[PDB]
């Protein structure tokens, strides 16, 4: 990555050993600069890695939220809509685990299936 | 691709502009029918690809459920839940083989199938 | 002498058009007051950690002393009554926002010998190209319009600022980059932040593409089963 001026200076050298030594010195200087840059980059890497992995987990969670939201249409939020509807319900354990099985199947299934439609009506 | 009746009608036409108009006519009619066919084919292919990608996003949704809500559930599955429920009973063997066959069917039976619900109720 | 603009999670990178839409209508009166002014202007700043709307009106120290003065372009108000357009024109750092007095303390120091300084620019642009290719965020037409070899880059600092603006780094990281006064420090910090944000985003997309690979693998195994079946 030496300069054009450095290349001109290398060319100005006449003797083979002298130009070879100048090229080796330029190699050493460029390598030293690259190592300093890489070490500073690595130090900055650890510095920003001090950011807790909780941030990465939260970003994964947000991505999970930011998935087929349909511009907050509230449609296709069927699972969430039912969960909020059940939120205000002091409800037994049998219906909740049955509903868990059923909506797990719902997620497993595709939207337009007829069996999916029957399950949707039953969940209603 | 016009039918032979259209070709005979064109042949009946004598004026050169008229038969040229009819040739352009059949050309557009074929163009429209084709364009509709290719648009329909590409739409169906895109829908199938989106169905595959919806299986993809459903598996991603399963990863989402994992450790959360439904998929969180409890360690027990229907299989193991009924195994432990029946663990504390001094029980005969014919019922053990019947339960083993029922559990094998349950595993083979998809959870959504009505036969699966019948099997689950019988096992309960 | 104007009240601080409520950023409300609308970061404004240097030399980047951004839209601020604050639900509160109080800013509407301020915007309508400055219309009679021959040269309307808006203050652009950055909020500190733990954003709180009440604190924005209770205390003025929450907003970073750093700001980006700019010229207002035009009202739209298409869907909302507040569609403020904020652009990165003139970076400024107020000594004490409590006490307005302002000075254009823009530090752009550079060395007289300029033959290796632009090499890191080549590395930066190559890295930016790699990130956008592997992590598409914006159209490539901007890169074609702004080519390092075109020689039209009269503001290398602003070019680096935009390239770092592609980074998805938290506003804390952007503030850290801004605090840096030395050009090499800010450039290296921006490069490192860019590669971290690329790491995060590529993990995000790798999860789904790995789902793709898993389902294809199971289908292929079932297809061999199906041949023998």
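Backbone-built Cβ (ideal geometry, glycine too); neighbour counts: all protein chains shown. Each reported figure results from applying straightforward, stated rules to the coordinates on display, with no laboratory input.
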Positions within the range A:109-124 being facing another protein chain (nearest Cβ under 10 Å) and assigned to a helix (DSSP H, G or I), in sequence order: A:115, A:116, A:118, A:119
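Restricting the search to the range A:91-103, which residues are part of a helix (DSSP H, G or I) and more than 36 Å from the chain's Cα centre (by Cα)?
Across the range A:91-103, the qualifying residues are A:93, A:94, A:95.
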Residues that are within 14 Å of chain C (Cβ to nearest Cβ) and surrounded by 13 or more Cβ atoms within 10 Å (Cβ to Cβ), drawn from the range A:62-98: A:63, A:64
Any hit, the range A:34-52, residues being in a loop (DSSP other than H, G, I, E, B), more than 14 Å from chain C (Cβ to nearest Cβ) and out of contact with any strand residue (DSSP E or B) (no Cβ under 9 Å at 6 or more places or on another chain): no
Conditions (1) surrounded by 14 or more Cβ atoms within 10 Å (Cβ to Cβ); (2) away from chain C (no Cβ under 14 Å); (3) not in a helix (DSSP H, G or I): number failed by residue A:106: (3)
Single unsatisfied condition, residue C:167 versus (1) exposed (fewer than 14 other Cβ atoms within 10 Å of the Cβ); (2) within 14 Å of chain A (Cβ to nearest Cβ): (1)
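From the list C:134, C:159, which one is more than 13 Å from chain A (Cβ to nearest Cβ) and over 26 Å from residue A:63 (Cα atoms)?
Exactly one of C:134, C:159 is more than 13 Å from chain A (Cβ to nearest Cβ) and over 26 Å from residue A:63 (Cα atoms), namely C:159.
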Options A:29, A:18, A:54; residue that is out of contact with any helix residue (DSSP H, G or I) (no Cβ under 6 Å at 6 or more places or on another chain) and under 30 Å from residue C:208 (Cβ atoms): A:54
Selection within the range C:190-229 - away from chain A (no Cβ under 14 Å) and surrounded by 14 or more Cβ atoms within 10 Å (Cβ to Cβ): C:212
